[PDB]
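Structure first, commentary second.
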Amino acid sequence: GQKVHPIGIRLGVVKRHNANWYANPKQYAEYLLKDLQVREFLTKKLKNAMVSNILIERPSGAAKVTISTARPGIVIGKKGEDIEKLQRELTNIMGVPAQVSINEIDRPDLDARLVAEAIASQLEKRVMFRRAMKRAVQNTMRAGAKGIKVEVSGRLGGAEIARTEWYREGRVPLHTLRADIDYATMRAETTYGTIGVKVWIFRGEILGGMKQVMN
Amino acid sequence: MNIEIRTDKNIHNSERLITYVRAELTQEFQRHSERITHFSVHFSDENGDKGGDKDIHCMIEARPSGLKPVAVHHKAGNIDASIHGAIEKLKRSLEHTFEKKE
Amino acid sequence: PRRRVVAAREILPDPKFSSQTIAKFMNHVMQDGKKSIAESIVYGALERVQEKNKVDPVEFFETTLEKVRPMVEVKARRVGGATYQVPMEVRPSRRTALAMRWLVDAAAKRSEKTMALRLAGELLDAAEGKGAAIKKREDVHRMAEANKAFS
Amino acid sequence: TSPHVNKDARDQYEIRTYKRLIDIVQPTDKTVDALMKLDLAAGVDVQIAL
Amino acid sequence: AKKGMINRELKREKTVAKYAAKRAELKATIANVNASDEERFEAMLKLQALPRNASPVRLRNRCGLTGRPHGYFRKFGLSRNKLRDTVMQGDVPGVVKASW
RNA sequence: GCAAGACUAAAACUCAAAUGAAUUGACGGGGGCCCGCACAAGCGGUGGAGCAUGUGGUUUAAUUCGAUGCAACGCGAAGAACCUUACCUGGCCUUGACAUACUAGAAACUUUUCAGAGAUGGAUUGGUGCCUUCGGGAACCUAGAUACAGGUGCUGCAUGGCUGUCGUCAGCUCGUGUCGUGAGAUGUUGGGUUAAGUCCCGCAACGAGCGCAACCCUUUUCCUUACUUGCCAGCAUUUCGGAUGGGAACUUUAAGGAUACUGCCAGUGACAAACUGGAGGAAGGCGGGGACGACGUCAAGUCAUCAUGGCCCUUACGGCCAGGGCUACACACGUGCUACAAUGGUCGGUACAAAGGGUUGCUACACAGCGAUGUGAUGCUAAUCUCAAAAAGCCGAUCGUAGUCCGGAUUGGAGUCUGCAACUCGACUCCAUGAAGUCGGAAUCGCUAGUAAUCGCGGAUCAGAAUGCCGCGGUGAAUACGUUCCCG
Ligand SMILES: [Mg+2]
Ligand SMILES: [Mg+2]
Ligand SMILES: [Mg+2]
Ligand SMILES: [Mg+2]
Ligand SMILES: [Mg+2]
Ligand SMILES: [Mg+2]
Ligand SMILES: [Mg+2]
Ligand SMILES: [Mg+2]
Ligand SMILES: [Mg+2]
Ligand SMILES: [Mg+2]
Ligand SMILES: [Mg+2]
Ligand SMILES: [Mg+2]
Ligand SMILES: [Mg+2]
Ligand SMILES: [Mg+2]
Ligand SMILES: [Mg+2]
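Protein chains in written order, with the numbering used here: chain D, 1 to 215; chain F, 1001 to 1102; chain W, 2001 to 2151; chain Y, 3001 to 3050; chain R, 4001 to 4100.
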């Protein structure tokens, strides 16, 4: 049947939330709405920079956004002017000023989101779906994941009848809560409608629990 | 037996249909009488607002006094055809079950 | 069930008479977990019956229970599409349970003002030998006697 | 969890607020300045009362 | 919801914000004992004569992201449909699944 | 040939197949082997009545749209007087209430009335701001023009995402080998065994993955840290109230640790797994609950959360407004609440909880009122003040089987509160009235222990509006011989 969100099931177990701040019951809604707005803005701005994660933090009367990027050059800017505009936009969005930080990704083919975007790009450009799937699986396994799983569903090839096709290699123990599983979803908009892409990547079992994560 | 017949938005239902369905169903299944206490028929059109050879789904589910409820489905191009197919299938199923249980 | 052997629970003895049998009887009388009212009813009935004749209430209760306990019952066996009520012996626990249930039900169907009064009347009737529980005992003997033929 | 109609199919979430209390007594001028100088990490709202 | 629905909600909020001060002053005058009876009656008439949209009772909570008028969940400000998604992505701080 | 009939033996026409052996499933009133409140043994219900709620039909101008056997019907809706609102009657606007692109003038804004049901329209006040290589620009309006906006309009049978069910059922599949002409087979089969494709023995199989179990939350015992606002064992003072000076013992609070592993003894089994009876321990053979949903099935549900391909409307299928409707009532169903009383009703006194909520709020306490409440006022951003009265229970009195001193529907007067406004159409209070009902057809449902039955308390939604939903604690059962017949 249906399945729980792989990230959703491990928030307090082996993963951490993507937002870390405290609010009183009254300002919580405002903070959450503005965080969603800034995430929506960043997703559109940095579409071509291969961004993987956004960490929004409110230390005290200020803001701190950490952007995980495979291409730090584009986000940083040739002379660093782009980051100034980014912080200006973030301060405009959030009442207190925001500071940006960059986390360089050196093994992009281990990140589920990046793989899903890569597959979706080819699928929108009309490459064969099970060509892109096998390419992504082989690249991730070469990278070194203990396992990868890819799912593509929709009107594949323009077919009148929609269908779903998946490929898996290695290990993906979803039922093991102590396992590092990265999950991602992406959408491809083709002339014949939408195609959905799901990616699972397994990076071995985490030891020591949340204390090892140092929560 | 009490009769509870329902349709969907596509099919269109009326009290005239209720009376006709009740009369026909009772006439066909009058033999069992006390053996059976409840009928519920349901009508749908699947791909509503389009057409096909079957394009309509009839169901009838009956509760026999004693044994557990038993259900039957049929697909046909018209409401009357769906009803007739479902009636025939119910008759066969009830005959088989009663012969089995003796 | 299809497996396991569930063990029996322990019923603590009653306060006044320290009798597990009387505690079990109170549990039969009890409704909706109102055990305090159950004890009130049972003890009122016991006082009422003690008033009639001067004897130990516990001894009177156990004597009447022995009077009302069953001997033999049939358990329906479905073979060849027929009832085949087959007489059989029953364990002491079942004997006691059916006796208590019959007493309480007969008291409930009696026609006095209060449950204590009608329970006391039922105990007196069972001691005498004419009551609804006595009639159910007689009926079960009669039917298991009619069907003695089968094993 | 269902878009349209399933009342029995739901997700139950919880959020917890943890509170801790500290007193410091016989404090000195260097202690108070050290406490003010100390940095604050996110996720922990700290209230100081004199 | 429709953009017309959202715009109606916004204009209602704007009107309430505009007229809150006068509404509160009139209610205080109405509830003031030392004030004269004629003054209280005039305050009541002005409060009844204020524009309808100035009344906060005419505002309906909406998701904000989608504008849905059901399942609002004040604390988060999001209707259930989007709240579940945001929570199970890991973007809502402190919220986890419950098992007790 | 007595007869029944036997032997010899066509054509017209009609179909695209009919067949033999063998392979995978499904199925069997075929067979063995297992499991489940599936039977059995029990406790309490629905189906009868009054009311609540949802649906179907009729009705209306409108009763807006979805959900339809188990798995639709207290379902989307975690809350329709206006608003919500998507519907109807009528009055209104047309680059539109909202985005980008072009041109020109104006700070944005701001005070009053007038017409009207309002949307709208016509008058009338005050200010002229923030930066400039000041000759021009940011904000926020007005006026014109063109691509365009706008759609809860259709298609869930064109889709993404999400969800139900078989079903926490124990199964479902791959690589290398082998076997067969092949579909395919083995492995995954046979013995024991487990809750379990769980485990041990054999075996053309050897190896892997997804499922089972474990890792995660909560409860039971104990240890360390922490002494607040929470606690009071030894001391003292007490307007005898942990109230006070005090203490860090105990309860508690909330992080981290220990413990339980068939660990040991006596038996059984192939000397295997494994299974019985014991000691110790708070707890003994998965201790009790919760999350966690395999490969797959039903063109299952959702274009009305949202996104999206394709069709459709464009002075209306778009937008603003005032009233009405979603609450209708010859009827038929589903899910509930309250009762039919003495295991009880009424009156007086009197004990014992746990979990949550409170600054646009919870409110000690005094007064006024029969009361719902009102006024004054106090402490609380809370282990501090508060919602707050726990109720079943126990003690005393009356009632003495009556449609009642049971029941509280319906109707007639009088009010409080929330709100611009309670007519349609709110919750609650007082006086008067006192309906059906005296235990409910065939049929059928839930439940194996702190469970069922019963008693009260809190919350999300929310101005107000729960018998619904999600939680919390108090009292506390009955019965399992057994799997023979009932089903999956
Ligand atoms: Mg369909
Ligand atoms: Mg829309
Ligand atoms: Mg409202
Ligand atoms: Mg039974
Ligand atoms: Mg329900
Ligand atoms: Mg309305
Ligand atoms: Mg579907
Ligand atoms: Mg449909
Ligand atoms: Mg598991
Ligand atoms: Mg629709
Ligand atoms: Mg209106
Ligand atoms: Mg309604
Ligand atoms: Mg009364
Ligand atoms: Mg009568
Ligand atoms: Mg409310």
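For every residue, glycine included, the Cβ atom is placed at its ideal position computed from N, Cα and C.
Host beta strand (DSSP E) of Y167(D) (start-end): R163 to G170
At a cut-off of 8 Å, is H175(D) close to ligand 9 when judged by its beta-carbon and the heavy atoms of the ligand? yes
Boundaries of the alpha helix (DSSP H) in which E1028(F) is found, first to last residue: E1015 to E1028
Where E2059(W) and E2066(W) are concerned, what is the direct C-alpha to C-alpha distance, given to the nearest angstrom? Each residue's alpha carbon lies about 10 Å from the other.
Name the residues in the segment 3001-3014 of chain Y whose C-beta lies less than 8 Å from a C-beta of chain R; which are they? Those would be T3001, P3003, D3011, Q3012, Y3013 and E3014, in chain order.
May I ask you to list, following chain order, the residues of the segment 3025-3045 of chain Y that have a beta carbon less than 8 Å from some beta carbon of chain D? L3040, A3041, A3042, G3043, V3044 and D3045
For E151(D), decide whether its Cβ has a neighbour in chain Y, counting only Cβ atoms nearer than 9 Å. no
For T4066(R), go through chain D and note every residue whose CB falls closer than 7 Å to its CB, in chain order. Ordered by position in chain D, no residue passes the 7 Å Cβ test against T4066(R), which lies about 12 Å from the chain.
Against chain Y, which members of the segment 55-66 of chain D pass a CB distance test of less than 9 Å? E57, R58, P59, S60 and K64
Listed by chain order, chain R residues near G12(D) by CB distance under 8 Å: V4096
Using the beta-carbon of each residue, which ones in chain D are nearer than 8 Å to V4092(R)? Under the 8 Å cutoff, chain D gives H17, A19 and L32.
Cβ neighbour criterion (16 or more within 10 Å) applied to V213(D): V213(D) is exposed by the Cβ-count criterion.
According to DSSP, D35(D) sits in a beta bridge with which residue or residues? In the DSSP output, where bridge partners are listed per residue, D35(D) has none listed.
Have a look at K1091(F), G1052(F) and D1080(F) and flag the residue whose alpha-carbon is nearest the alpha-carbon of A1071(F). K1091(F)
Would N4081(R) count as contacting chain Y if we go by Cβ distances under 9 Å? yes
Under 8 Å Cβ-Cβ, which residues of chain D neighbour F4076(R)? Under the 8 Å cutoff, chain D gives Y28, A29 and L32.
Beta-carbon of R3020(Y) versus every beta-carbon of chain R: anything under 9 Å? no
Quick one: using the 10 Å Cβ neighbour count with 16 as the cut-off for buried, is residue 3978(R) buried or exposed? Residue 3978(R) lies beyond the stretch modelled for chain R, which goes from 4001 to 4100, so this question has no answer here.
How big is the Cα-Cα spacing for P72(D) and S4079(R)? 36 Å
Reducing DSSP to helix, strand and coil, say where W200(D) ends up. strand
DSSP puts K4097(R) in a beta bridge; with which residues? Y3013(Y)
Pull the bridge partners of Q2085(W) from the DSSP assignment, please. In the DSSP output, where bridge partners are listed per residue, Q2085(W) has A2076(W).
List the residues of chain R whose Cβ lies closer than 8 Å to the Cβ of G8(D), in chain order. When 8 Å is used as the limit between beta carbons, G8(D) is near these residues of chain R: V4087, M4088, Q4089, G4090 and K4097, in chain order.
Spatial neighbours of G157(D) in its chain, beta-carbon cut-off 7 Å, leaving aside the 5 residues before and after: none
Interface positions of the segment 4040-4070 of chain R facing chain Y (Cβ-Cβ less than 9 Å), listed along the chain: Listed by position, the residues of the segment 4040-4070 of chain R near chain Y (Cβ gap below 9 Å) amount to none.
Where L42(D) meets chain R, residues with beta-carbon distance less than 7 Å: Taking a Cβ-Cβ threshold of 7 Å, none of the residues of chain R is close to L42(D); the smallest such distance is about 12 Å.
Under DSSP, the alpha helix (DSSP H) around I4006(R) begins and ends at which residues? Unbroken alpha helix (DSSP H) run through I4006(R): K4003 to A4031.
Apart from the five residues on each side of it in sequence, which residues of its chain come closer than 6 Å, Cβ to Cβ, to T4086(R)? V4092
Kindly indicate the opening and closing residues of the alpha helix (DSSP H) around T2021(W). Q2020 to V2029
Whose CA, out of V14(D), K15(D) and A23(D), lies closest to the CA of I3015(Y)? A23(D)
Is any beta-carbon of chain Y found at less than 9 Å from that of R4008(R)? no
Per DSSP, which residues does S153(D) bridge with? Please list them. Secondary-structure assignment with DSSP links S153(D) through a beta bridge to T164(D) and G196(D).
Does the beta carbon of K4082(R) fall short of 8 Å from some heavy atom of ligand 2? no
Where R4023(R) meets chain Y, residues with beta-carbon distance less than 7 Å: Going along chain Y, no residue has its Cβ under 7 Å from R4023(R), so there is no contact; the nearest lies around 35 Å.
Hey, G147(D) and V172(D): beta-carbon distance below 9 Å or not? yes
Do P2015(W) and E2039(W) come within 9 Å of each other at the CB atom, strictly closer than that value? yes
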